[PDB]
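Observations on chain architecture
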Amino acid sequence: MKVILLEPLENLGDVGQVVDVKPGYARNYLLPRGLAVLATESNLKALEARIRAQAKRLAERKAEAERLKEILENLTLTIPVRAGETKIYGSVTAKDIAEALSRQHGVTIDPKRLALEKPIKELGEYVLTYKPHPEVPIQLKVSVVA
Amino acid sequence: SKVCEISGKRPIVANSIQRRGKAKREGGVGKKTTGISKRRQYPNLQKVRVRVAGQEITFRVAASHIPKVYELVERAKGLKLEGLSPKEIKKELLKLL
Amino acid sequence: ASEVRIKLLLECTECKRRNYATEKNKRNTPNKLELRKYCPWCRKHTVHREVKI
Amino acid sequence: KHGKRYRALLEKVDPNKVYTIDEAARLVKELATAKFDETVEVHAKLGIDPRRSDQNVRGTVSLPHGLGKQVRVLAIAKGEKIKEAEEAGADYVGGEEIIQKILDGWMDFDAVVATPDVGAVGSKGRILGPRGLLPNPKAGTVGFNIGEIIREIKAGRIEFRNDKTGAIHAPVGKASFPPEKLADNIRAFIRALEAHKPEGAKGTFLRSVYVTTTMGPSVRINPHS
RNA sequence: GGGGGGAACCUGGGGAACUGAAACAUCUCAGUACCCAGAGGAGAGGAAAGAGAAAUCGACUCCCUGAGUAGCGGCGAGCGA
RNA sequence: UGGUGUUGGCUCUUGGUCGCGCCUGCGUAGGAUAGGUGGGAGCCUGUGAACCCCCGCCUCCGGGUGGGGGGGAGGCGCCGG
RNA sequence: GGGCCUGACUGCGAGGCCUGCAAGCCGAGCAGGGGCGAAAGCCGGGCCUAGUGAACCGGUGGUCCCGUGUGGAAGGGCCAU
RNA sequence: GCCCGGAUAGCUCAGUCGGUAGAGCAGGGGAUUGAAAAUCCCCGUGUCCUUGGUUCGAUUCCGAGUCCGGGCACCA
Ligand SMILES: [Zn+2]
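Note that residue numbers begin from 1 in each chain and follow the written sequence, not necessarily the entry's scheme, while residues that lack coordinates are absent from the view. Labels are handed out in written order, letters beginning with A for the chains and numbers beginning with 1 for the ligands. A larger assembly contains the chains shown, yet all values here describe just the shown part. Hydrogens and water molecules were not included; the side-chain quantities draw on all heavy atoms of the structure. Residues with missing side-chain atoms are left out of burial classes, side-chain pairs and their counts.

cryo-EM is the method the PDB entry lists for this structure, together with a resolution of 3.2 Å.

Encoded structure:
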């Protein structure tokens, strides 16, 4: 199945490209996420002359990924929660940290864009990647306390 | 398992034909049938949940017609479906057929 | 008949057509029999090799 | 690990580039840097099994434009075939006592042909054979018109016979033949095998067709062009 | 606009067994009985991606014939264009 | 219960496929390890030598193998055998 | 018991016996081509009467008969089995 | 019926990715011996199952086949 990549993909390629992926991956993962489009002749036709626009909005992702990158690199977020001497009685997630930047710091990031492979259960400082734009990894210091 | 919501493939009535012996083509004396009994072949229906107009719509569609529904989804983009409920939305997408 | 006394044909050595069917005791005669039989196809007597029936 | 007369030839070759019968023939003589008239060789790969002892592409073709090479027919013939073999190109007659002229140690020829009446040539044979020179009518080298045979023997007539590694081997001429002269030289072996295809085979009858010269580099050439 | 009813008559979905095979399982009974849905005074079918041997015909439906023929068949019973 | 659809992504490893790049081939004889099938009387190194050392492979123990360094214009070849 | 030989034949078959049928049995003679024999002659298995099983289905070889528009082929038919 | 294993000396087996048929065996061709023992020996010997080919030669390598041992499958 052919699809028009709406983004640069590490295992697929880049926006504007039409690759062949099995129906499960794009059809359940990519299309609903808007990561790409089906390869219909209509979308092939409109494909031309939009890749300029598509890379335009993509470049917007680069720009706000930059002014937001430099803005959020130099700050540590603290998480006021209820935890033990060696254990967090609750848990933190991506949307949690987004809530912390929003209600506590006011900055607005995307929770899903944030990387969280394990909701934290221990205290202390943490450094994590965000990556708003492809090939744009952003570490970040979040502090969890009681 | 009922019809395919798009193709309308209903279950069919087929025969279980239990045979025996070697086929004539293989030098066998001939496939002696040991017994026939009715059965029903069912469509391989599946659930197809799709986000149209902020709504989730489920389609018990044949697997062979899975992508077809997505066509309708894209074909729905020339439509004004909000803020209709999933009943009217589904009836409209069927109207696209 | 027996597993020791088997059936057999007699191909003509020349027309190559099995013109006769007979039997032998393969115990006694472990050799392919060969006998001048009238080949109707060849239309004349001709040595016939014992062919596996 | 190679020669500056040869590495400089590998300098001017592209390993995976597709070449045609005309284009590569331009390349066969231009990279002919060996210090004599090289041999333009169309080394093709046949798509057949020699172990399948019916896919034996054993034949010949009198290539147009000759070959530029030397063919010396040690002719075997007697009874009015002596003198008609002595003429029309052959020079080694003869004509049946010359088998006794095979010591062996007398290898001043390049081919040996004998009429169908002999006969007394197959047995004596044992050393005339192991160098691939036993006169066999499968490829040219036997016939009552032994003089007629040698007439086209001298006319650059190559033999072809597939080997254990599914390969067939007959060069199209010397390094003195231009790409347009070799162009008939080249195709005269390809289409010579297009008709000698032993029917019954999986896949293409021609895996690949490469062209090297005497000491020269190989050449990835495209057949049927 | 629909609902529901309508003797039989029609499709469309489902669909038996007894019985015959002098047993019986393939098969036949029979796509019948019956059930369900739908209509309509009819229904269906209907304008060739047909027929099939003539370069032949020319949507469809039904009658006779083809023909118990071609055929199918534990090559049986039978069925049967 | 195995294939398959539904049903995807990453990677770890294994069995094929084809690329390629390489090495690999030994009665006697023949210097030596001769895989065939074609041309070959010529080749090579200042797009650095026979030589010496080092390194690994094969190694049939005769040897070859490929890579480095001194070396670096000295080796062979059909023909000899 | 010895000699040679394979008639333990091909195509057939007057006639008969037996018999519900079907089966079963005897066979002159004729032709092809042979065996033995001088020939006369005999030889179409065995001194005889048991040693066996209809049809269907299918296999194997010959056949070249049919081959679904045509040529092939699939597939069958027929012969042997 | 298909697929699996084997066929090599008078036997069992080895058996170059073809340059060699061999290990033992049975003996014996010999010599001792009136006979016969221990004995000497080279070993004797063999299509490496048959049919054709690869080959600069083919037990090998290849196609076909035969027989045998085995499994699987049908059985009118
Ligand atoms: Zn005959």
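Moving on, there is more to tell.
A word on the overall build of chain D. Only DSSP runs of H or I covering at least 4 residues are called helices, and only runs of E covering at least 2 are called strands; the numbering of each starts at the N terminus. Looking only at helices and strands, one finds 6 helices and 9 strands in chain D. With C-alpha atoms as the basis for the radius of gyration, the globule rule is written as 2.2 Å multiplied by the number of residues raised to the power 0.38. Taken over C-alpha atoms, the radius of gyration comes to 19 Å for chain D, in line with the 17 Å a tight globule of 225 residues would show. Projected onto the principal axes, the alpha-carbon positions of chain D cover approximately 55 × 45 × 30 Å.

Next up on the list: a positive patch on the surface. A patch consists of residues exposed above 30% relative accessible area that lack any salt bridge, with like charges linked at up to 9 Å and nonpolar side chains (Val, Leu, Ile, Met, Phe, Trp, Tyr) linked at up to 5 Å. Per-residue accessibility takes into account occlusion by the displayed protein chains alone, with areas from the Shrake-Rupley method and a 1.4 Å probe. A side-chain nitrogen of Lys or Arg and a carboxyl oxygen of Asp or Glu constitute a salt bridge if their distance falls within 4 Å. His is not counted, nor are the chain ends, whereas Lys and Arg count as positive and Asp and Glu as negative. Charge coordinates come from a single atom per side chain, which is NZ of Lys, CZ of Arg, CG of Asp or CD of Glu. A surface patch of like charges, here positive, comprises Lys2, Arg10, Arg40, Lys47 and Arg60 of chain B. Relative to the helices and strands, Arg60 of chain B resides in the loop between β5 (55-57) and β6 (61-62).

Looking at RNA strand H, the residues that line it are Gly21, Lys22 and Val29 of chain B, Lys52 of chain C together with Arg51, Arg52, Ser53, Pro130 and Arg161 of chain D. Within 4 Å of the protein, the contacting atoms of RNA strand H are 100% sugar and phosphate, with bases supplying the remainder. In protein, a polar contact means a hydrogen-donor-capable atom and an acceptor-capable atom, both N or O and within 3.5 Å, with residues adjacent in sequence counting only if both atoms are side-chain atoms; elsewhere, any N or O pair within 3.5 Å suffices. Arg51 of chain D places a side-chain nitrogen or oxygen 2.3 Å from a sugar or linking oxygen of RNA strand H. Here a phosphate oxygen of RNA strand H sits 3.0 Å away from a polar atom, N or O, in the side chain of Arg161 of chain D. Within the surface near RNA strand H, the residues separate by chemical class into 2 nonpolar, 2 polar and 5 charged. Near residues are defined by distance, with any heavy atom within 4 Å of the molecule or strand qualifying the residue. When residues are sorted by character, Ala, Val, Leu, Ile, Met, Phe, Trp, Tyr, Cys and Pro go into the nonpolar class, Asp, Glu, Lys and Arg into the charged class, and all the rest, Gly among them, into the polar class.

A few words now on the protein's contact with RNA strand E. All names here are of chain B. Residues in close proximity to RNA strand E include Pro11, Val13, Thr33, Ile36 and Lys38, which together make up its full environment. Of all atoms in RNA strand E that approach within 4 Å of the protein, 80% are sugar or phosphate atoms. Contacts to RNA strand E include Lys38, whose side-chain N or O atom sits 2.5 Å from a base oxygen. In the surface near RNA strand E, the residues fall into 3 nonpolar, 1 polar and 1 charged.

For the rest of this paragraph, the subject is the coordination of the zinc ion. Under perfect tetrahedral coordination by four donors, a metal shows angles of 109.5 degrees; under perfect octahedral coordination by six donors, it shows angles of 90 or 180 degrees. Residues and elements named next belong to chain C. Here a donor is any nitrogen, oxygen or sulfur atom (N, O, S) within 2.8 Å of the metal, with 3.2 Å used for Na, K and Ca; water is not among the atoms considered, so some sites may look incomplete. In this structure, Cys12 (SG), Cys15 (SG), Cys39 (SG) and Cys42 (SG) serve as the protein donors to the zinc ion, at separations of 2.4 Å. In this scheme the shape depends on donor count and angles: four donors with every angle between 85 and 135 degrees give tetrahedral, four or six donors with opposite pairs above 155 degrees and others between 65 and 115 give square planar or octahedral in turn, and any other case is irregular. Classification of the site at the zinc ion as tetrahedral follows from its 4 donor atoms and the range of 92 to 125° in their angles at the metal. Here the donor residues of the zinc ion are spaced in sequence according to C-x2-C-x23-C-x2-C. Each residue is placed in one exposure class: buried if its accessible area under a 1.4 Å probe, protein chains only, is under 20% of its type's maximum, exposed if it is over 50%, and partly exposed if it falls in between. According to the relative accessible area criterion, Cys42 is partly exposed, its value standing at 25%.

It is worth spelling out the packing of helix α2 (residues 21-30) of chain D against helix α6 (residues 179-195) of chain D at this point. Residues and elements named next belong to chain D. In this analysis, axes come from line fits to C-alpha atoms, helices being fitted only over the stretch in contact, and the angle between any two N-to-C directions falls in the range 0 to 180 degrees. At a closest axis distance of 9 Å, the pairing of α2 and α6 adopts a crossing angle of 120°. One finds that α2 runs oblique with respect to α6. The interaxial crossing formed by α2 with α6 has right-handed handedness. In contact with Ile21, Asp22, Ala25, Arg26 and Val28 of α2, α6 contributes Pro179, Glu180, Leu182, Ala183, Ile186 and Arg187. Of the residues in the contact of α2 with α6, the class split is 7 nonpolar, no polar and 4 charged. Should an angle lie under 35 degrees it is considered roughly parallel, over 145 roughly antiparallel, and from 65 to 115 roughly perpendicular; all remaining angles are considered oblique. Rotating anticlockwise by less than a right angle from the far helix to the near helix defines a left-handed crossing, while the corresponding clockwise rotation defines a right-handed one. What makes two residues a contact is simply this: any of their non-hydrogen atoms within 4.5 Å.

Another point: the side chain of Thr115 of chain D. All names here are of chain D. Counting through the fold element by element, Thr115 comes out in the loop between β4 (111-114) and α5 (146-153). In terms of polar contacts, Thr115 uses its side chain to reach the side chain of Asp117, at 2.3 Å. Discounting residues that sit within four places of it in the chain, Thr115 has contacts with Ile76, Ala77, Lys81, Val142, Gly143, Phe144 and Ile146.

So, about helix α1 (residues 23-30) of chain A. Those residues of α1 of chain A that sit buried are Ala26, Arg27 and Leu30 of chain A. Looking down the long axis of α1 of chain A, one finds its buried residues gathered within 115° of arc, a one-sided arrangement. Against β1 (2-5) and β3 (36-38) of chain A together with α1 (66-75) of chain B lie the buried residues of α1 of chain A. Picture the helix axis, draw a direction to every C-beta atom, and the arc is the one those directions span.

As for chain C relative to chain A, no contact occurs, and the smallest C-alpha gap between them is 59 Å. Separated without contact, chain B and chain D have their nearest C-alpha atoms at a distance of 25 Å.

Residues and elements named next belong to chain A. Only when DSSP finds a minimum of two bridges between them are two strands counted as paired. Pairing is mixed in the open sheet, where 3 strands are placed in the order β4-β8-β7. Two strands bound the open sheet, and with one partner strand each, they are β4 (76-80) and β7 (124-127). Going across the sheet, the axis of each strand differs from the next one's by a mean of 25°, ignoring polarity. With respect to the sheet, helix α4 (residues 94-105) is in contact with β4 and β8 (141-145), its orientation differing from that of β4 by roughly 95°.

On to the sheet that holds strand β3 (residues 34-39) of chain C, then. All names here are of chain C. The sheet built from 4 strands is open, its strands ordered β2-β1-β4-β3 with antiparallel pairing. One side of each edge strand has no neighbouring strand; the edge strands of this open sheet are β2 (18-25) and β3. Here the strands of the sheet are splayed against their neighbours by 40° on average, with no regard to which way each runs. Here β3 pairs with strand β4 (residues 44-51) via 6 bridges, running antiparallel. Note that in β4 the partner of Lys37 across the bridge is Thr46.

Now for the pattern of salt bridges. Inspection of the entire model under this criterion finds 14 salt bridges over all chains. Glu50 of chain C is the partner of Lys24 of chain C in a salt bridge, and the nearest nitrogen-oxygen pair spans 3.1 Å. Here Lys24 of chain C is found in strand β2, whereas its partner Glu50 of chain C is found in strand β4, with 26 residues between them in sequence. For the pair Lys24 of chain C and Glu50 of chain C, one class covers both residues: buried. Two residues, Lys81 of chain D and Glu84 of chain D, come together in a salt bridge whose shortest N-O distance is 3.4 Å. In this pair, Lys81 of chain D and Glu84 of chain D are both assigned in helix α3 (residues 81-86), 3 residues apart and thus about one turn of the helix distant.

Take the layout of surface pockets next. Both site types are read off a 1 Å grid over the protein atoms alone. A 1.4 Å probe that fits but cannot get out defines a cavity, while an open set with protein on both sides within 12 Å along at least five of seven lines defines a pocket; lining residues have an atom within 4 Å of a point. Grid points are joined across faces, edges and corners, and a volume is the space filled by probe spheres set on the points. Here the largest pocket is characterised by a volume of approximately 950 Å³. Broken down by secondary-structure element, the contributors of at least two residues to the lining of the largest pocket are α1 and β3 of chain A together with β4 (50-52) and α1 of chain B. Sort the elements by how many residues they give to the lining of the largest pocket and α1 of chain B lands first, with 8 residues. Here the residues of the lining of the largest pocket sort into 16 nonpolar, 4 polar and 11 charged.

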